Every structure is written in structure tokens, then in C-alpha cells.
Amino acid sequence: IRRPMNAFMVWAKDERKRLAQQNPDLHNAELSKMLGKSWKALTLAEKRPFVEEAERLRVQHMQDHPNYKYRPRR
DNA sequence: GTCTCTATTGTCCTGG
DNA sequence: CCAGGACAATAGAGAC
């Protein structure tokens, strides 16, 4: 079972694809640095619809898998 | 040609 | 309790 996407991941999910099109040149690491930078520049109001999407997902996740404990490793 | 790393934020879990 | 990890998506770039 894979963890549900947080706000960033949801926004990033598309934006990276976006950034990769406008910049096929740039490596992915760099894409990650840029997404990071412009997330922080995104206002909370701006981020809202994404938080809201990340929640629909978290809820939906809850339905699909009731017995899910997040289990990391070491 | 086939693995591993990369770098980000947010959210959860777990060793002192 | 709390500071430091895990792992969510992602696909091309280096290593061998």
C-alpha cells in the first residue's frame, strides 16, 4: 500500500510535468529545487485547492484501505 | 541494458 | 516529547 500524496506531492505531481516541458533540459533534482522554491512563494490561499485535493485523496485512501498502518523501515 | 540516486514538502512513526 | 528519519511521484542521468 503506498502512502497518500500530501499537498506538495499533488501540486508537484503536475507542475513537475509542466516544468519538464518548459525545461526538457533541466535534470529532475533541479526540477525538485524549483518546485520547492515556488511552493514557498505560493501563498496559503494559493495552496488551498491543493490541500483540499490532498484531503479528498486522504479520505478516499481511508475507504480503499481501512486496516492500513503506515509502516516504514530501517 | 538493468538497478540506484536524486532532490523536494508534508505527515507519520519511532529511537534516545 | 521531540529531533531526525521514511516515503509519497517523478523519469533521466551516472555507474558498473
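Residues numbered from 1 in each chain as written, not as in the entry; some residues may be left out. Chains lettered and ligands numbered in written order. Heavy atoms only, no water.

- In the nomenclature of the PDB entry, chain A corresponds to Transcription factor SOX-17 from the organism Mus musculus.

### With respect to the protein's contact with DNA strand B
Then, in step 1: Inspection of the region around DNA strand B gives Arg3, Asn6, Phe8, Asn28, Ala29, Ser32, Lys33, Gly36, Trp39, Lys69, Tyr70 and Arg74 as its neighbouring residues.
Then, in step 2: Sugar plus phosphate, as a fraction of atoms of DNA strand B within 4 Å of the protein: 73%.
Then, in step 3: One nitrogen or oxygen atom from the side chain of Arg3 is found 2.9 Å from a base oxygen belonging to DNA strand B.
Then, in step 4: Contacts to DNA strand B include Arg74, whose side-chain N or O atom sits 2.6 Å from a phosphate oxygen.
Then, in step 5: In terms of residues, the surface near DNA strand B owes the most to one element, helix α2 (residues 28–41), which gives six residues. (Near = heavy atom within 4 Å. Polar contact = N/O pair within 3.5 Å; in protein donor to acceptor, adjacent residues only side chain to side chain. Helix = DSSP H or I, 4+ residues; strand = E, 2+ residues; numbered from the N terminus.)

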